[PDB]
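Let me begin by presenting the structure, written as structure tokens, before commenting on it.
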Amino acid sequence: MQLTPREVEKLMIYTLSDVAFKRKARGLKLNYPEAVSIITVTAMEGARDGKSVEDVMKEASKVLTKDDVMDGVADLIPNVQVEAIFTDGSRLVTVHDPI
Amino acid sequence: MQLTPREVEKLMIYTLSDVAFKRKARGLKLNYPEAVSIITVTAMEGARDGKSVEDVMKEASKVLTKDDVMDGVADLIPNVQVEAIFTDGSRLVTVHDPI
Amino acid sequence: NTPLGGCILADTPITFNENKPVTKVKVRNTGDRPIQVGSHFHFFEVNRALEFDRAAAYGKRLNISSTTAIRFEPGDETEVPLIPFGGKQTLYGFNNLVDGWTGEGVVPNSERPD
Amino acid sequence: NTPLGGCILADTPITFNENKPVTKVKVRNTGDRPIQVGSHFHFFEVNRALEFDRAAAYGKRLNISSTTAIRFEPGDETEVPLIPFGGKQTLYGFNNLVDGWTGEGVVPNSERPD
Amino acid sequence: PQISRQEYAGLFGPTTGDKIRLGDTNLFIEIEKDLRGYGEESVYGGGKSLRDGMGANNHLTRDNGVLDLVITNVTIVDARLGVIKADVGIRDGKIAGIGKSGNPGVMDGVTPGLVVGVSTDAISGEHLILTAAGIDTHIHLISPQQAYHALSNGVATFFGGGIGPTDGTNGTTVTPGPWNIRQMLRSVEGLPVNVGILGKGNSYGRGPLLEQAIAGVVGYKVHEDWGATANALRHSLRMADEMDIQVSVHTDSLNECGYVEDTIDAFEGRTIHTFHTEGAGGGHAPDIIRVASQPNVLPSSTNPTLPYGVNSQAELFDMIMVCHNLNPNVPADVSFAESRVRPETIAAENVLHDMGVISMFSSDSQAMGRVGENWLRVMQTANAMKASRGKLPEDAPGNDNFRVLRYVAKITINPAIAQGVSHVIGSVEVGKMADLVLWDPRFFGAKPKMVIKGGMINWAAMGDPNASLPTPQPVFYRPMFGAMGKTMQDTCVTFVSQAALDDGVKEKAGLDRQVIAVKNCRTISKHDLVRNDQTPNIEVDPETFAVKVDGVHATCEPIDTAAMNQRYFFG
Amino acid sequence: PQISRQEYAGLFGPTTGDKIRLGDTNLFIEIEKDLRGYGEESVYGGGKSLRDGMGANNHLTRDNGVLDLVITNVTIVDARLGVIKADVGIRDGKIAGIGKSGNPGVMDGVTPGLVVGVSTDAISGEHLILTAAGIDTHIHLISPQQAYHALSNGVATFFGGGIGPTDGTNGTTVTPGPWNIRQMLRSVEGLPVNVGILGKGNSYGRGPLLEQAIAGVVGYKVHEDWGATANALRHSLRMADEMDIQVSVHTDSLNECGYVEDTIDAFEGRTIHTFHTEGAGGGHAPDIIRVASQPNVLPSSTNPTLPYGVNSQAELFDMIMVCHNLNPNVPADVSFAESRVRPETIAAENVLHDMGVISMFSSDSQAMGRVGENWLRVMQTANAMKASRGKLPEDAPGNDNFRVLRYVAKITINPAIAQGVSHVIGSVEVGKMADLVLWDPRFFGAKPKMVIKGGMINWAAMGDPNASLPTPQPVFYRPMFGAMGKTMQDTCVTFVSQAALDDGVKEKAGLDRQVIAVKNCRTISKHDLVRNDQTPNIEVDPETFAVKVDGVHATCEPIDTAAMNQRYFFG
Ligand code: NI
Ligand code: NI
Ligand code: NI
């Protein structure tokens, strides 16, 4: 596999995304790390599916609303940054206020 | 649990296998780390199920074909090594060209 | 076109060290166990079990590609081409039978009794 | 044949640095004493007595062979071809008039006082 | 005897005339020469040439020539005279020789400065590629983990500045003042890479710069955030003359003090390193690339722009707001970025790399740049420029050596020349330090097998340590014996000025690392830079930001799918 | 602009394509390459390129590159890749670079290693020839004045042994025992040449040889007068293996212990230096040339036999009686010489030098050899072999470079390789010591203008010191500033073993001279010797002493008039 440190650390973020959508299935208001976890995975999966930077930014904003998270989580997240591997290479994904 | 370092590092390889099987479900051509992840997990699961070294080697070769992976992934994988805990102990699992 | 990490090889065979004498010798394994001798091993300082013209292998290795070795099974007799060592031709070790110097000798195959 | 220690030169003339701009300027010695300027002397930082278009010699030496110098007698007016300096084109010393590099200006012969 | 090249390639690797494909790219590299007499090839293994009295010898290590380590026949990719097949020798952490290995007493044509003995430990050089390690001239010392990601892609040398994640460091590569310099020279003791600290080059006096030179800085840094004034550069250059060091510039993008032509007048034709010559990272907008036309300049480039992609325009409009803390609501902050996001210069940057104008390649790590994608993004651009501009007139009729040799020079020998460390590191030459990288041609430019530093493996690909082999999964990169104990400090170099070395920085600052002084920074020019000596005329339109090189519009269409990325990486 | 080569040659000297006649010989040497961009030629003089802000520069000497001395445009004659026109740089008594000199700030294409500044003092390189100084491996230390005569012909390095005019020293190059070695290493303090002391190699024990190695000997000497037995040789080599030094042999001419084939068996294929491979000086009579066919051997030759003259036969019978105190009345003493005066091997020796078999050239000074006619007798043989054997298949169709480059290698690079001092001296290469010689092509190989040693002129042609110029008569050679005061010791090297250097002979023996340890004497062979790598088959008739090389009789008719002798010398 020859997993570089950038690839190894991108697994602990996916481990949290399965716990975030499992808690979403039971009907729970997501916290700060859980909300950012399911927001960042859509950018990595979007880049894997071959979606453009414009599409993944707008798609990452339409994942969760204010009723889907706890009271005050939207106030402390005015921006969400993450790097994903696109067809052309590694590109930044800035989501200005997804809730 | 008293997880020895050999057991701790065998969890990051399982985290990738769930992403490989999830991307396979959507219909995506697996890359080098994803292909090796789902190849190695069948040896660890095979050793857990109590399957012999002969069975898991041949079963690991019949998981994916050339159409199930990206163009060129078969050329850079002439061999896949991994150690799994069998009923008799830890044994090597060499899969010479699974695609 | 060629696959990832492939080599678009030119249609030409490789030529090994030419202009060096060759000596064909019949080697038979008398012992009940198999023996395998590598490319650069000195055949004069090999096991005593192998029956062959020992005197003709003075400072002479196998005439095969480097690295690779040819296996001899118990009893099996095989013909093997031999090539002399390069440079100064000064060998050391193996079984303390000669440990240095060269035989050579223009016109007579003399010196070094054994 | 050639004498002892002689040089059998080939029938071909030498070509001195091409693809470099040339600037012809009329230089007249106003002073009553002779002046001789060498190949690599910066023509803009020369004696004030010599009357010529001073502004045109921005980081430019004589367009003659290296080492050689051409002599000017009192009063005598001579046309001289000029060539720009090589490398980084940054000159220092002479008369503290510029002590720097002559910028290859973006199309105009501008910048710095005179 | 005679044998086919198919069975020879399967054991001893390629030779003269054989072409090697570099991963999934359209580039093929042909061997220009084989420095070995066929028949006596030296390889290690069970019953092979390297044994007692065959490849080894009874003579002592003191007999100058007995190697500490040998790479058994590898394809070298050097910018000086690369693409050759030869046995490389290591001794005292330096490259002893390049040619043929073995015992000269029993093998013909063995190179004198290359003999295997009792002191040598062989490396499987066959079926692999050897090269000099990469250098990064734009490194913001924001995090020490940054080095592990850099070293995980073949970059064993860093050059820049910083304290840690301070906004000051997040935007500028500076370690300002002797106190900060000493603390950073001492923190670098626990790093597995060579380092070259850059001081703040923003002063009217000669003194504040002298304090940093004697403290141990390889050069100075002039940023737009700290004021890229004509006086800040004049004084940084004046001091760089008398100290023999290199100044790096990030010119005023606001055009406040003057325009680009006024800063070139302030340089006074003195050698200088220009970061992000394109303009995304910084510099006098719009015509920054105009600076790459002069000879004194040493143009480098950040790697988020290279290769020019279809989606590159969107990401950099949000990325520019964090690096230099620009607000998205203030009109002067966002209208200032509208010019800096110009897409015409990014496409020009990519072709200027092919033409041989942009002489080197940097990153600007964690501040509009990626440290672990350097060698990759160099080879990604090489694939795009071959597929669009085609083979060059200088390039050979059947191989892409000229382009690869020109592109590897941008990360190996040219940044080393720029920062005055050519004699130490840069190319796979005799007498230089053993800072080498090994990769399979299948994984070339992205994932190396090993990383040799000073003759010892610092970082490498490793499987389960409890397993019966080093190849079993999970194979993730970990620090090796060359990055453990006192050997990490021995094999790594803390670069400084001669002033600092003469003063005794190693003793005063107490540095157990190797301390080599930088030199030949000032006299060098663009002609001294390998494979990138062009100084072409330039014409830039200021309204639409169009770039014309020698009366020809320099641009190229963007690409959607680049070479080696989702096929090898995971995240 | 354009100008003819006649006026260019009269000022700046020759260039690519120009052929230079070497004195009154039939040899012409053509320039293979010119490492300079035409237009910016650097020369010193009244109103020339080398002035303030033109060739010089305001930067400091510590900016590694500012030369201490520069040779303005000279024709180099090196054996590696000689016959080139280029500016040679000198810094710290070593060669800093070979190419183009001047200021890179105002001149295009200036080599980075070569820059003229405030620290450089120019030399008129034009219309002159540069070369590496000569080495003499057979030097009987009979008189210290010997060095002045040697240095007066371009030989700035000595190798041998002796106390003074003792019969022991008169016949053998030995400084036996630690006491004699220390006294000679200390007497050499007042000598203006490099020295390599050789100990006595005649012992059955290890100990007596170890005592000399640690005292400070560069090698051993095995003479027929001290007993050239198989044990004396086999035990001297055994010590030369563990010490990394070179053994010189003068084999038993009496065939007492055995024949030449029995001494080659005693060598055990271990590298060895053979003096007078022809046989006049000594060695197993008659077939002593037979030893040159093996690869381990390093064949050298005495110079009274070369060139083969008509009257050479007569002088040898009287000369052989004094060197090895042989009586003219005793039948065993005179009948022994009758075989050693064989004229067939002297003519073979001359052709073997042309073929490239006899790899080097020595003298055997004041004991069947002349020290002040070495470079001369090399060029004298070159003229005879061209006039008889004609141009070689390897030699070019229009120049005699190959023969001159092959012949200069015998006195410059090959003796340095043999005695393990290649890295120090031997060729005009970068990083090597500045032991160079300058001569006019008119007086090439006989009378040089200057002799640079360690970057300073040691000996040179000088007129009346009271006169208004250095050229007025009487012009006789005198010691210069490089041979005065403490600078003589600084610029000269006392070569020793590593074992001696490690023990601290410089401190124990108190040597103000430079002390460098010899190395790479054992692993080297015939192929490592430059332009003389041939190992042909040999067949020698023992009755009439006829020599056949590869089934072809090797001989040549003698010459009555040789090149450069009466026309230049007086006595
Ligand atoms: Ni920056
Ligand atoms: Ni003698
Ligand atoms: Ni002698």
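All residue names refer to the structure tokens as shown: chains lettered A, B, ... in order, residues numbered from 1 in each chain, ligands numbered from 1 in order.
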
Counting only C-alpha atoms and all ligand atoms, what residues are within 8 Å of ligand 1, given as a list in words?
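Using only C-alpha atoms and all ligand atoms, everything at most 8 Å from ligand 1 comes to residues 138, 171, 172, 173, 223, 250, 275, 276, 281, 282, 364, 367 and 368 of chain E.
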
Selection export as an mmCIF file, in the first residue's frame, atoms kept: N, CA, C and O atoms:
```
data_model
loop_
_atom_site.group_PDB
_atom_site.id
_atom_site.type_symbol
_atom_site.label_atom_id
_atom_site.label_comp_id
_atom_site.auth_asym_id
_atom_site.auth_seq_id
_atom_site.Cartn_x
_atom_site.Cartn_y
_atom_site.Cartn_z
ATOM 1 N N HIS E 138 10.981 27.177 -0.118
ATOM 2 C CA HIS E 138 9.882 27.925 0.509
ATOM 3 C C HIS E 138 9.199 26.996 1.515
ATOM 4 O O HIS E 138 8.338 26.200 1.142
ATOM 5 N N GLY E 171 2.243 33.226 7.296
ATOM 6 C CA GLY E 171 2.362 33.978 6.052
ATOM 7 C C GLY E 171 3.782 34.265 5.587
ATOM 8 O O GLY E 171 3.974 34.464 4.384
ATOM 9 N N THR E 172 4.795 34.305 6.509
ATOM 10 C CA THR E 172 6.197 34.628 6.154
ATOM 11 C C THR E 172 7.231 33.593 6.667
ATOM 12 O O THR E 172 7.196 33.222 7.841
ATOM 13 N N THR E 173 8.180 33.176 5.797
ATOM 14 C CA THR E 173 9.264 32.248 6.165
ATOM 15 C C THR E 173 10.390 33.000 6.901
ATOM 16 O O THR E 173 11.464 33.207 6.329
ATOM 17 N N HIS E 223 9.247 40.056 2.811
ATOM 18 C CA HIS E 223 7.822 39.813 2.589
ATOM 19 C C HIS E 223 7.025 41.104 2.453
ATOM 20 O O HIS E 223 7.413 42.136 3.004
ATOM 21 N N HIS E 250 9.292 38.111 -1.729
ATOM 22 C CA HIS E 250 7.844 38.002 -1.873
ATOM 23 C C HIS E 250 7.415 39.457 -1.965
ATOM 24 O O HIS E 250 7.049 40.076 -0.963
ATOM 25 N N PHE E 275 10.302 34.078 -4.947
ATOM 26 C CA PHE E 275 9.267 33.079 -4.683
ATOM 27 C C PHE E 275 8.051 33.361 -5.537
ATOM 28 O O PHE E 275 7.802 34.525 -5.864
ATOM 29 N N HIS E 276 7.261 32.302 -5.850
ATOM 30 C CA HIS E 276 6.029 32.368 -6.651
ATOM 31 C C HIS E 276 6.154 33.420 -7.756
ATOM 32 O O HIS E 276 5.531 34.482 -7.693
ATOM 33 N N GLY E 281 1.031 33.195 -4.966
ATOM 34 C CA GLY E 281 1.618 33.361 -3.643
ATOM 35 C C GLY E 281 1.872 34.814 -3.285
ATOM 36 O O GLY E 281 1.609 35.222 -2.153
ATOM 37 N N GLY E 282 2.348 35.598 -4.252
ATOM 38 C CA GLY E 282 2.605 37.023 -4.058
ATOM 39 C C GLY E 282 3.481 37.649 -5.123
ATOM 40 O O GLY E 282 3.943 36.959 -6.033
ATOM 41 N N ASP E 364 5.878 26.427 -0.622
ATOM 42 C CA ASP E 364 5.246 27.460 0.218
ATOM 43 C C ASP E 364 4.238 26.706 1.094
ATOM 44 O O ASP E 364 3.049 27.027 1.144
ATOM 45 N N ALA E 367 0.773 27.375 3.444
ATOM 46 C CA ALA E 367 0.583 28.801 3.161
ATOM 47 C C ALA E 367 0.547 29.021 1.639
ATOM 48 O O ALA E 367 1.301 29.836 1.118
ATOM 49 N N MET E 368 -0.339 28.275 0.944
ATOM 50 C CA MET E 368 -0.498 28.213 -0.520
ATOM 51 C C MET E 368 0.593 27.299 -1.112
ATOM 52 O O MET E 368 1.334 27.699 -2.012
#
```

What are the residues of chain E that have an atom within 8 Å of an atom of chain D, counting only C-alpha atoms, as a list in words?
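Using only C-alpha atoms, chain E residues at most 8 Å from chain D: residues 261, 265, 268, 269, 270, 295, 296 and 525 of chain E.
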
So that I can check the surroundings of residue B:92, please list as a ChimeraX atom specification every protein, DNA and RNA residue that reaches within 8 Å of it, counting only C-alpha atoms and ignoring chain neighbours fewer than 6 positions away.
/B:81-84 /E:468

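With only C-alpha atoms as the atoms that count, the residue of A:74, A:39, A:25, A:44 with the shortest distance to chain B is A:44.
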
Using only C-alpha atoms, which chain E residues lie at most 9 Å away from chain A, written as JSON, numbers by chain?
{"E": [148, 149, 152, 153, 304, 307, 308, 309, 310, 311, 312, 314, 315, 316, 318, 319, 370, 372, 373, 377, 380, 447, 448, 449, 461, 462, 463, 473, 474, 475, 476, 477, 478, 559, 560, 561, 562, 563, 564, 565, 566, 568, 569, 570, 571]}

Could you save those same residues with C-alpha atoms as a PDB file, in the first residue's frame?
```
ATOM      1  CA  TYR E 148       7.703  13.527   7.606  1.00  0.00           C
ATOM      2  CA  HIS E 149       5.241  14.276   4.731  1.00  0.00           C
ATOM      3  CA  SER E 152       7.682  10.588   2.445  1.00  0.00           C
ATOM      4  CA  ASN E 153       7.887  11.975  -1.207  1.00  0.00           C
ATOM      5  CA  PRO E 304      -0.686  24.445  -5.882  1.00  0.00           C
ATOM      6  CA  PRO E 307      -0.246  21.380 -12.988  1.00  0.00           C
ATOM      7  CA  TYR E 308      -2.816  23.846 -14.436  1.00  0.00           C
ATOM      8  CA  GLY E 309      -6.191  22.167 -13.797  1.00  0.00           C
ATOM      9  CA  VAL E 310      -9.795  23.008 -14.755  1.00  0.00           C
ATOM     10  CA  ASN E 311     -10.897  23.472 -11.083  1.00  0.00           C
ATOM     11  CA  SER E 312      -7.731  25.441  -9.991  1.00  0.00           C
ATOM     12  CA  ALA E 314     -12.222  28.168  -7.803  1.00  0.00           C
ATOM     13  CA  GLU E 315     -10.055  26.861  -4.887  1.00  0.00           C
ATOM     14  CA  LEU E 316      -7.479  29.720  -4.872  1.00  0.00           C
ATOM     15  CA  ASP E 318     -10.985  31.079  -0.906  1.00  0.00           C
ATOM     16  CA  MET E 319      -7.370  29.863  -0.174  1.00  0.00           C
ATOM     17  CA  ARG E 370       1.877  21.312  -0.407  1.00  0.00           C
ATOM     18  CA  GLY E 372       4.310  16.081   0.243  1.00  0.00           C
ATOM     19  CA  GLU E 373       3.337  16.552  -3.466  1.00  0.00           C
ATOM     20  CA  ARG E 377       3.570  17.796  -9.213  1.00  0.00           C
ATOM     21  CA  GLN E 380       2.504  15.807 -13.423  1.00  0.00           C
ATOM     22  CA  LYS E 447       6.191   6.837  -3.442  1.00  0.00           C
ATOM     23  CA  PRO E 448       9.886   5.844  -2.798  1.00  0.00           C
ATOM     24  CA  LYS E 449      11.111   2.556  -1.267  1.00  0.00           C
ATOM     25  CA  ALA E 461       8.514   1.864   3.182  1.00  0.00           C
ATOM     26  CA  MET E 462       7.975  -0.740   5.929  1.00  0.00           C
ATOM     27  CA  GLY E 463       5.421  -3.447   6.648  1.00  0.00           C
ATOM     28  CA  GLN E 473       0.746  -5.171   5.057  1.00  0.00           C
ATOM     29  CA  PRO E 474       0.028  -2.630   6.578  1.00  0.00           C
ATOM     30  CA  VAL E 475       2.912  -0.986   4.632  1.00  0.00           C
ATOM     31  CA  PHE E 476       3.111   2.642   5.880  1.00  0.00           C
ATOM     32  CA  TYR E 477       6.289   4.749   6.072  1.00  0.00           C
ATOM     33  CA  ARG E 478       8.107   4.929   9.450  1.00  0.00           C
ATOM     34  CA  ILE E 559      -6.435  19.355 -17.916  1.00  0.00           C
ATOM     35  CA  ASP E 560      -9.165  17.449 -15.980  1.00  0.00           C
ATOM     36  CA  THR E 561      -7.263  14.135 -15.356  1.00  0.00           C
ATOM     37  CA  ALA E 562      -3.578  14.321 -14.229  1.00  0.00           C
ATOM     38  CA  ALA E 563      -0.956  11.547 -14.009  1.00  0.00           C
ATOM     39  CA  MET E 564      -0.590   9.535 -10.739  1.00  0.00           C
ATOM     40  CA  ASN E 565      -3.043  10.688  -8.020  1.00  0.00           C
ATOM     41  CA  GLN E 566      -6.296   8.748  -7.256  1.00  0.00           C
ATOM     42  CA  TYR E 568      -1.899   5.540  -6.063  1.00  0.00           C
ATOM     43  CA  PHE E 569      -3.190   7.796  -3.193  1.00  0.00           C
ATOM     44  CA  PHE E 570      -6.233   7.130  -0.949  1.00  0.00           C
ATOM     45  CA  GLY E 571      -7.371  10.410   0.672  1.00  0.00           C
TER      46      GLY E 571
END
```

Pick out the chain C residues within 12 Å of chain B. Count only C-alpha atoms. Give them as a ChimeraX atom specification.
/C:2-6

For the selection just defined, write its residues with N, CA and C atoms to a file, as an mmCIF file, in the first residue's frame.
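See result31.cif below for the written result:
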```cif
data_model
loop_
_atom_site.group_PDB
_atom_site.id
_atom_site.type_symbol
_atom_site.label_atom_id
_atom_site.label_comp_id
_atom_site.auth_asym_id
_atom_site.auth_seq_id
_atom_site.Cartn_x
_atom_site.Cartn_y
_atom_site.Cartn_z
ATOM 1 N N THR C 2 3.283 0.227 -24.185
ATOM 2 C CA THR C 2 3.787 -0.740 -23.197
ATOM 3 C C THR C 2 3.084 -0.468 -21.813
ATOM 4 N N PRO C 3 2.880 -1.502 -20.947
ATOM 5 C CA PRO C 3 2.190 -1.281 -19.653
ATOM 6 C C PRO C 3 3.006 -0.468 -18.638
ATOM 7 N N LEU C 4 2.395 -0.129 -17.472
ATOM 8 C CA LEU C 4 3.094 0.632 -16.431
ATOM 9 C C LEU C 4 4.349 -0.074 -15.965
ATOM 10 N N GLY C 5 5.463 0.658 -15.923
ATOM 11 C CA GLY C 5 6.754 0.132 -15.496
ATOM 12 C C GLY C 5 7.393 -0.876 -16.433
ATOM 13 N N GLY C 6 6.897 -0.964 -17.671
ATOM 14 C CA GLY C 6 7.414 -1.887 -18.671
ATOM 15 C C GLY C 6 8.649 -1.350 -19.356
#
```
